[PDB]
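> Provided herewith is a single structure, encoded as structure tokens, for subsequent inquiry.
Neighbour counts run over all protein chains shown; Cβ positions are idealised from the backbone, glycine included. Each value in this text was obtained by applying a stated rule to the coordinates, not by laboratory testing.
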Amino acid sequence: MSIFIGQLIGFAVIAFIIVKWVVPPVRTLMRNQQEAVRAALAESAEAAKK
Amino acid sequence: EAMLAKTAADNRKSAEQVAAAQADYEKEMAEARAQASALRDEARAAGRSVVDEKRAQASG
């Protein structure tokens, strides 16, 4: 019970730290890769058009 | 990766294709100029021959 509540608070703190600091950069890297592939496909389409 | 390589190859091939289409344009321009110059040259040469033989006939 009490140890369960303490562990739950610890997990909440861990999740808050992750979402606050590590989630933004991983999301940014994901978006960067998405934009890179989008640009590659757009450039392929532009090369076909040319 | 194949699409990336094909896009690069397409860019290079289209660049050289526009270059070669232009080069063909000047090449056929020069070709037409050469044939026009020929036509004129052989026409005037035949005229020279005809006028020379007419001069010979007149002299005789």
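> So what J values fall out for the stretch A:3-14 if you push phi through Karplus, 6.51 cos²θ - 1.76 cosθ + 1.60 with θ = phi - 60°, rounded to Hz, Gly and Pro as x?
Using θ = phi - 60°, the values come out as 5, 5, 5, x, 5, 5, 4, x, 5, 4, 5, 4 Hz.
> Viscosity 0.890 mPa s, temperature 25 °C: what is the translational diffusion coefficient of chain A from Stokes-Einstein with a Kirkwood Rh over Cα pairs, rounded to a whole number of µm²/s?
176
> Between B:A20 and B:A5, what is the spin-label point distance in nm, taking each point 7 Å from the Cα along the Cα→C-beta axis?
Those two pseudo-labels are separated by 2.1 nm.
> Further, regarding this structure: Evaluate the Debye formula for chain B with equal point scatterers sitting on the alpha carbons, no solvent, and hand back log10 of I(q)/I(0) at q = 0.14, 0.15, 0.22, 0.27 Å⁻¹, in q order, two decimals.
At q = 0.14, 0.15, 0.22, 0.27 Å⁻¹ the computed log10 ratios are -0.64, -0.67, -0.86, -0.98.
> Still on this structure: Output the direction-averaged projected area (hull surface divided by four) of the convex hull of the alpha-carbon atoms of the protein assembly as shown, in nm².
Taking the Cα atoms of the protein assembly as shown, their convex hull projects to 12.0 nm² on average.
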